[PDB]
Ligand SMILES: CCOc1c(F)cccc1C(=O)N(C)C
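Just one chain is shown here, as structure tokens, and it is the form solved without the ligand.
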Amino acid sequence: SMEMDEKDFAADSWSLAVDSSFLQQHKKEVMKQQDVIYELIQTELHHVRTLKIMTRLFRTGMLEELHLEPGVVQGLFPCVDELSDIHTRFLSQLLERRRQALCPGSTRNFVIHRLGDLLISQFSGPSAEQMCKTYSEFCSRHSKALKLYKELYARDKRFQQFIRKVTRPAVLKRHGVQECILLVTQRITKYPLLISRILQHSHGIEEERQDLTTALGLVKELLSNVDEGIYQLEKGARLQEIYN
């Protein structure tokens, strides 16, 4: 991620991110809502950072430094380009909404009043259909990717030296090839936990409460559709095994 956005999301909460003289000007309920909204953008920035590691560091690193088929690299990181474009666009609209909410003469003090319209747009229409289709594919190829990684690491010396080398810096501690795959898979289920806690503290403006109410139903409908279209793929699974 870029240095501008890391510093903007370095603090543990919105009440720590904003200037203490600006925090003092607000109600308790507003700070509570803003802490939960900040968590959504902070965890989305980290999710996008994870996907940029899988594509720029893992995927492209293997393509430009190792001698394995492009079908092997594809088996390791399925739909990473499709996911990275989906989440970078979602992050882009979240960060822009925050920037437009900043006070004149400030780069830290902001208050996001309208979020539901942004989440309704993301979790409905063609953007929702592209997430349903991409996550159903990713999560089906999830176990196949882990076995391919385990096979490769235990049988290729150059792949082992590549992995040990790129995952050596302390900042990559939580981001292995397998932790990245699980981090992506678990992300979709984090949205109804965050949207329900924002909705819990958004009862002041009735329009915001109903928009978040709708956005939460859109996420649950999307999650139900992703889950209903999952069927684990196995490398070298016979046709007889699949119809049994």
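Numbers for residues come from their place in the sequence shown, where the first is 1.
The same protein has a further form, the form solved in complex with the ligand, not shown here; the description that follows concerns it.
With the site C-alphas superimposed, the ligand pose in the deposited bound form sets the ligand onto this chain such that no atom is closer than 2.4 Å to backbone or C-beta atoms; an open site results.
Scanning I112, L172, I86, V73 against the ligand in the deposited bound form with a 4.5 Å heavy atom cut-off leaves one residue, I86.
Using a 4.5 angstroms threshold between heavy atoms, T167 stays clear of the ligand in the deposited bound form. Using a 4.5 Å cutoff between non-hydrogen atoms, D117 does not count as a contact of the ligand in the deposited bound form. When the ligand is considered in the deposited bound form, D156 lies well away from it, no heavy atom lying within 4.5 Å. Along 126 to 151, these residues reach a heavy atom to within 4.5 Å of the ligand in the deposited bound form: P126, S127, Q130.
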